[PDB]
Structure formats: structure tokens, C-alpha cells
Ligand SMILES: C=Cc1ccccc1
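Next up: just one chain, as C-alpha cells, the form solved without the named molecule.
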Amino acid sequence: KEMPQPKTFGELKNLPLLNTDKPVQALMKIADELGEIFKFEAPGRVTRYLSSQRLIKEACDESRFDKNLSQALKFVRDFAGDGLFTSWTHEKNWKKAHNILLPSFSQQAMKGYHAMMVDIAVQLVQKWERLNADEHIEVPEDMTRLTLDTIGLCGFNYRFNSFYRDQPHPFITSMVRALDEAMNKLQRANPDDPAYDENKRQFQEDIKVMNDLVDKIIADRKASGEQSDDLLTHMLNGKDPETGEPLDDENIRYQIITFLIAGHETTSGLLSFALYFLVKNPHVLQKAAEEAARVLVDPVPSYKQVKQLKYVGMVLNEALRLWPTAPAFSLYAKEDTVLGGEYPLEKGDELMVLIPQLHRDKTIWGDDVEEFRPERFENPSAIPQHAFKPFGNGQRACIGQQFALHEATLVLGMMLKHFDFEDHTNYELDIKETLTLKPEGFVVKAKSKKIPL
């Protein structure tokens, strides 16, 4: 069976198709044209993009496929190193860090982070309470202030103080610029060409900034001896039950860098898409606002109250369905195997899972896949296995899933309790790609309900 393949460019094969500032959205369009699987070739490499639950349920069989580092992740590894996100499953430091960190990310571990999440959420609510009448909110900008600050504080007892700034912090300026370089390197022939000497110079300097700050945080905390019980504490003290070993300080640095990138970016995207969909669907916004008012009966939300925001959780899942903010992941075949009864693969062959396309599979979701309908998630158990994968798969799934969802549920609950929202520009969705996805230029107005904190 000849696997479908999109248009080619002579000796460059399919590579120029990714020479665009919206590559995921381009791949989605190709998937619409070509169906559940297509081959994608560039000089010296091939992968296959999967979009159906029928095929993806096979790819998610951990006995048959393991996480691969995409080229994107290999480039991110230059600064995220052998942190959890950019490590191979077979690296000693993956299993050690996994075993050590997993407990501290449980739905139950969120009880300890809740107060610090509220600290940052209240800063956001106060910002918006303090806007004057004519003024508006830059949504992804403020969500990114929130989610960065939340992972910084809950995770490392460090305050980025993003709500005190227009200029986003020297660590973050570097981190953003590092991510940008990694992204550009993808659509770039002859890496060692003298032209990119300046790009390499900046890259190295940004790594230095990120490492300096973080190693200092580490060493201050070690020296100080003062004990929170936060993520960094867990790491400095905790031992892997299997090997009996702790993480070394360098790996700890890589984990912190990873959490700061991983631990905020996709979360700000989620919140921004959720608020986008709410203002475009006023009946949904009203139902969610009713729940927030009924449940959040105290000035400060409790942990248990956040767990009771069932409909707000449905809204977030439906936002993740339509626009999963980490929109792909990569696998390789552990052994020769046949995909879908039709497509033979050799050991080592790669697959890409195109999550937004999976989440539009009409055999799973019905014909109305573009509609925003939180009620799809009335009972999340009703969704078939491997149909909904915004947090990846298996032992390599997102370690931060419960953290992200607790934070997003708390913040969105507070926003809906405290304000009415207006889509005053009738905003036209424009999704910016930086590996991750966000609605660029999304702005709203928020009129206070005048409920005291």
C-alpha cells in the first residue's frame, strides 16, 4: 500500500512545506487532504504523520513504540539537557528523575501548592480590578505572566514578579530567544555556514544566563538549608527508590529549566484558548460563570472548591481538544512491526502524532468536531483509549498535567467569579506557533462584578 505523501520540491522532497511560520496548522491542512497517515520526506530523513485514533492507539502501545526526540527536542536539549522532557527513556537520568519527581506532581501533591497558586491568581484578579473603564486586557500576555510566576513560586520559591513588569525578566528573555533559535534551526540548510555564527553566539550566551541564575538558586538553597517542601526541596533531598541515588546538581538545573519552559508555556496557551472559546460561546460562558459563583463562596478559593468546578474542567478539556498547546509528539518503533494491518515499519522508524488532528477524528467525536462543546466531557471516562492525548502517552506523559489543570481551573474559576467579559474587537483567531500554540493579539474587556477578595 503506497502511503500518501504531500507535494514535493525535487531534491528537497517535502522540506519546504515546513518553511512557514505556521507549520503545525500547515500539517493539519495536509492531513485533511491526505487522511490518517502520510509520509514526509526531507534529504536524509523520513517520518510519518498520524491523525486517526485507529492508528494512534497502536502507536501508543509502549511495548511497540517509545518516545523519540524530534529534531525540535534535540535542539531544545542543547539547553534543557537530560531533563525529563528532552531525555531518552533509556537514560539513567530519565528513570531516576521520573521516580523522584512523580509523587510531587500528584493531584494530591497540589494541596501543598494551592496557597502559592492562589497568591499569583489574586495578583491577576487585582490587576484586572484596577484597570480603568476604557482599558483592555492582553490575554496571552497576562496568562503568561500568571503561569510563569506560578511555576517559579510553587516550584522553586522564586518570584519572577511578572505583574510588576512590561519587560519580561532577563532569564525569560534568554529562554524565549533560545526556544526561537531551536525553532529556526529546523528550516535551515548547512548549519555550520559562517552566516549563522552570530546566531550561535547569542545562543551560547542565553544558555549561560539560564544556567547562572538556576545554579545560583540551587546553591543558595543548599547553603541556606532553609526548607520549603517545594519541587526544588524534593529534588535536593529525594532519592530514587530503584537505584537509591539522588539527582546530581547539574541534572537538577536541567529539570528547573525544563519546568520553567514546560511548566508555564502550554498552560498560558490553554488559559488563553479557553477564554477565547468562552467569549465566542456566551451560553457556555454563562454556565461556567454560574458554577464559579455557586462553588467559590469564599474570598479565597480552597483546594476542595477547585476540585468541585466540574464544568470549568469540562471547558478546559474542550479547549485542549481543539487546540492542544503542545501539539505533537514523536515515537520510534522498538522492533519491526506492522501498523494498521497495512503499513510495515522497521525497528527505529519514526512516527509523529498530530494531536489537533487526532482530536478532530470524526469516527470518535462525531461530525461536529469544530464546535466548542464542553458537554463532550460530561463523563471523561466515556472517551475511548488514546482518543484524547493533550498530555502525551504512557510513562512519557506530561508529569505536570495535574499541576497545569489545577492552576487553570483555579484561575479560570476566579476570573468567571469576579468579571464579565466582552469580545470588544470581535477578535479573529490567529494562532502563533513557537513550537507551542497561542492566540496572538487576543484581547478582551473585563467588567468587575465588585466581589471582594
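C-alpha atoms forming the largest set that superposes within 1.5 Å between two forms make up the rigid core. Don't overthink the numbering: it's just position in the shown sequence, from 1.
Here the subject shifts to the form solved in complex with the named molecule, a form of this protein not shown in this document.
A.B. asks: Out of 305 to 313, 357 to 365, 277 to 285, 260 to 268, where are the residues with a heavy atom within 4.5 Å of the named molecule in the bound PDB entry?
C.D. replies: That would be stretch 260 to 268.
A.B. asks: Indicate whether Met235 is a 4.5 Å heavy atom neighbour of the named molecule in the bound PDB entry.
C.D. replies: Result no; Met235 lies far from the named molecule in the bound PDB entry.
A.B. asks: Look up in the bound PDB entry whether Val76 has a non-hydrogen atom within 4.5 angstroms of the named molecule, and give yes or no.
C.D. replies: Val76: yes, in contact with the named molecule in the bound PDB entry.
A.B. asks: Is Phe85 near the named molecule? Define near as a heavy atom within 4.5 Å, in the bound PDB entry.
C.D. replies: Answer yes; at least one heavy atom of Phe85 falls within 4.5 Å of the named molecule in the bound PDB entry.
A.B. asks: Taking heavy atoms only, is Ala292 within 4.5 angstroms of the named molecule in the bound PDB entry?
C.D. replies: No, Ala292 stays farther than 4.5 Å from the named molecule in the bound PDB entry.
A.B. asks: Even though the named molecule is not shown here, does it sit in the bound PDB entry so that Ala80, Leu179 and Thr436 each have a heavy atom within 4.5 Å?
C.D. replies: Checked in the bound PDB entry: all three residues contact the named molecule.
A.B. asks: After aligning the rigid core, which of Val176, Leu73, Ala293, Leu345 is the one whose Cα travels 2 Å or more between this form and the one not shown?
C.D. replies: Meeting the 2 Å or more criterion is only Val176.
A.B. asks: Aligning on the rigid core, do we see the C-alpha of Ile217 shift 2 angstroms or more between this form and the one not shown?
C.D. replies: Where the cores coincide, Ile217 still shows a C-alpha shift between this form and the one not shown that is 2 Å or more.
A.B. asks: Could you check, with the core superposed, whether the Cα atom of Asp336 shifts 2 Å or more between this form and the one not shown?
C.D. replies: No, its C-alpha moves less than 2 Å.
A.B. asks: With both forms fitted on the core, check whether the Cα of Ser106 differs by 2 Å or more between this form and the one not shown.
C.D. replies: Yes, because once the rigid core is superposed, the C-alpha of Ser106 moves 2 Å or more between this form and the one not shown.
A.B. asks: At a change of 3 Å or more, would you call the C-alpha separation of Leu146 and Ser224 in the bound PDB entry closer or farther than in the form supplied?
C.D. replies: Those two alpha carbons end up closer in the bound PDB entry.
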